[PDB]
């Protein structure tokens, strides 16, 4: 123990020095201190011990981030290690050294690395030098999977929020006030009334999906309405999710920028997933500039008053109040889960 130590492969953008490796080689990983690595064979080894040492790191603090419900900011590179620890002595093989989330997921999916990952303790060493210890490799991968998404797309397309309808639909009638502004709609509120095919292509929507919507583009009011009654179109769930997610993500990035531009002492990626989801949902419904479209929400966000933020969602009556309560409950969950406070 640790087992299969030199097996598999290791992902590092950093490949030290410039013969002669069967000898241990030591180096300080450049950006940070301490990060002390001991290279044996071609492989990086992270060791920690309580007692002072010249070649070992000091014991690292455990991150407060939840291994079960938590995420790491999607803008961070991470270090992934697998290994063993006892009695103030820690020895970890570095599987991924300061790589991106997506790279990490990819690398850990490699068959060659199975043995070492299944046979040891897996942990993430964060940019902040704290660590998250996982019960098992499957847990770590799922954590990573959560972390890569800006919003939780399943919640978003749940009936509780934006819903999901793969069939072309017109969510208005000739009597209603929004009739002329409503277009042919797909998935989780993707309205083509102001969008053209080229627009969708530009946003990264696949040609095969885009080609299908021909005739549904740019129709608004009567024409869009009529078109759905006369010639509806049903997408497969897969195509409708793909399309929705492009727009959910596109919109999310709008919300993200506002938050980050506010310079509030943290970035949007540092918020828990559900809260990001909450913020984006209300934006998607009420308009993206929350300073204007949801001031009472916005105030609490930028104040980092999480309890205050929940209350704010509960206290808005736009006639949308049910969804707003569901948004606040997302925030409250993060509170109850310890992701917030």
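Residue numbers count along the first chain shown, from 1.
Would you mind comparing 332 to 340 and 3 to 11 for me and telling me which has the higher average C-alpha temperature factor in the entry?
Comparing 332 to 340 with 3 to 11, the higher average CA B-factor belongs to 3 to 11.
Of 193 to 201 and 107 to 115, which one has the bigger average CA B-factor?
107 to 115 has the higher mean C-alpha B-factor.
For the listed 274, 292, 60, 64, which has the peak Cα B-factor recorded in the PDB entry?
Out of 274, 292, 60, 64, the record gives the largest C-alpha B-factor to 292.
Between 284, 313, 26, 306, where does the Cα B-factor run highest in the record?
It is 26.
State the tercile, meaning the lowest, middle or highest third, of residue 31 with respect to the CA B-factors recorded for its chain.
Answer is highest: the recorded C-alpha B-factor places it there.
Classify residue 173 as lowest, middle or highest third according to the C-alpha B-factor given in the PDB entry, relative to its own chain.
It falls in the top third of the chain.
How does residue 264 rank on Cα B-factor within its chain, lowest, middle or highest third?
Ranked within chain, residue 264 CA B lands in the highest tercile.
Where does residue 222 sit by CA temperature factor within its chain: lowest, middle or highest third?
It belongs to the highest third of the chain when residues are ordered by C-alpha B-factor.
Taking the entry's C-alpha B-factors for this chain, is residue 45 in the lowest, middle or highest third?
CA B-factor rank for residue 45: middle third.
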